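Chemist: What follows is a single structure, and I will ask about it in a moment.
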Ligand SMILES: NC(=O)c1cc([N+](=O)[O-])ccc1NCc1ccc(S(N)(=O)=O)cc1
């Protein structure tokens, strides 16, 4: 629209295409997301509108929600790179542990803030974690999932990544809790450390079984209530749990301890963002400057 100036097509997300754009009057450079199909549910507009007040240094700011011409555009603060691209760029050498720790700590502060305001992300992945030259990392798209359900293909035939999905979602639990975000962040923490996705499933059952093959097939002992979950099948193969020392080497025991608490099967036992911030792993946390080529 005439209020902007499409610089580039940042890409295509699970909701629609995103453009980098400049406000013609303010000169502000922003990310503009064109949301995907009828008359835009009023329920969704109120929900989304509430997110304009969810402001925190580690949350990508939602600047405006435009519902005009019966269309919905979300205007977000712009950051130049995402964690998926940074991890790929850092693949040869790996992201230094101090920076992995800083990013994890900042992401947990972001989740702690959102969760205390009863807002869930539900679809965290490296691509929606944005970084800047100052060493900051921010969570993008918080709250969009609620009042927008779970999609299999973005807006036009594009495979939804299941790699970071918590087991309770995969087993059909309808009532997601803040624990799903801690699970996703744990998967991302492991990926930053090993430089390979932890559970790269290519189907819902492949995702579940990859989790079971690593963490053991869950049972009533470790996860009370699991055998009564909607999609649980007594026929699931029974795999033994592997040791974390083989899962994310050469991460130290502080890191393995924290990761193990972020990947507990029982969402009720899984560590909260607030409690994770107090974990000994963060005793020596700092805020390094990443090497960014833009
Ligand atoms: N708020 C955002 O800034 C931003 C928003 C979305 N989004 O809504 O889907 C995606 C990436 C973003 N930044 C990271 C980003 C920006 C530009 C490139 S590009 N076009 O130079 O490759 C890549 C990644």
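Every residue, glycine as well, gets a Cβ built from its backbone with ideal geometry; the counts of neighbours run over all protein chains shown. Numbers and lists here come from the model and the stated rules, or from a named source; no laboratory read-out is quoted.
Chemist: So how many residues does segment 136-171 have that are surrounded by 16 or more Cβ atoms within 10 Å (Cβ to Cβ) and outside any helix (DSSP H, G or I)?
Modeler: The total comes to 21.
Chemist: Mind checking whether some residue in segment 115-135 is over 26 Å from residue 195 (Cα atoms) and in a helix (DSSP H, G or I)?
Modeler: Scanning segment 115-135 turns up at least one residue that is over 26 Å from residue 195 (Cα atoms) and in a helix (DSSP H, G or I).
Let's see how each residue does on (1) outside the structural domain of residue 132 (by CATH); (2) surrounded by 13 or more Cβ atoms within 10 Å (Cβ to Cβ); (3) within 30 Å of residue 279 (Cα to Cα):
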site	(1), (2), (3)
55	yes, no, yes
68	yes, no, no
73	yes, yes, no
100	no, yes, yes
117	no, yes, yes
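Chemist: Which of the residues that make up segment 17-49 are within 16 Å of the ligand (Cβ to nearest atom), buried (at least 17 other Cβ atoms within 10 Å of the Cβ) and outside any strand (DSSP E or B)?
Modeler: Correct list: 35, 48.
Chemist: Now a separate question. Of everything in segment 277-290, what is more than 16 Å from the ligand (Cβ to nearest atom), within 25 Å of residue 79 (Cβ to Cβ) and surrounded by 13 or more Cβ atoms within 10 Å (Cβ to Cβ)? Give them in sequence order.
Modeler: 277, 282, 285, 287, 288
Chemist: Further, regarding this structure: Restricting to segment 1-10, and then to whatever is in a strand (DSSP E or B) and surrounded by fewer than 14 Cβ atoms within 10 Å (Cβ to Cβ), can you tell me which residue is farthest from the chain's Cα centre (by Cα)?
Modeler: Only one residue fits best here, namely 6.
Chemist: Residue by residue through segment 57-102, note down the ones that are in a strand (DSSP E or B) and within 9 Å of the ligand (Cβ to nearest atom).
Modeler: 74, 76, 77, 81, 82
Chemist: On to the next question. Wholly within segment 173-276, which helices (runs of 4 or more DSSP H) include no fewer than the required count, namely at least 3 residues that are buried (at least 18 other Cβ atoms within 10 Å of the Cβ)?
Modeler: So the answer is 179-194, 204-215, 253-262.
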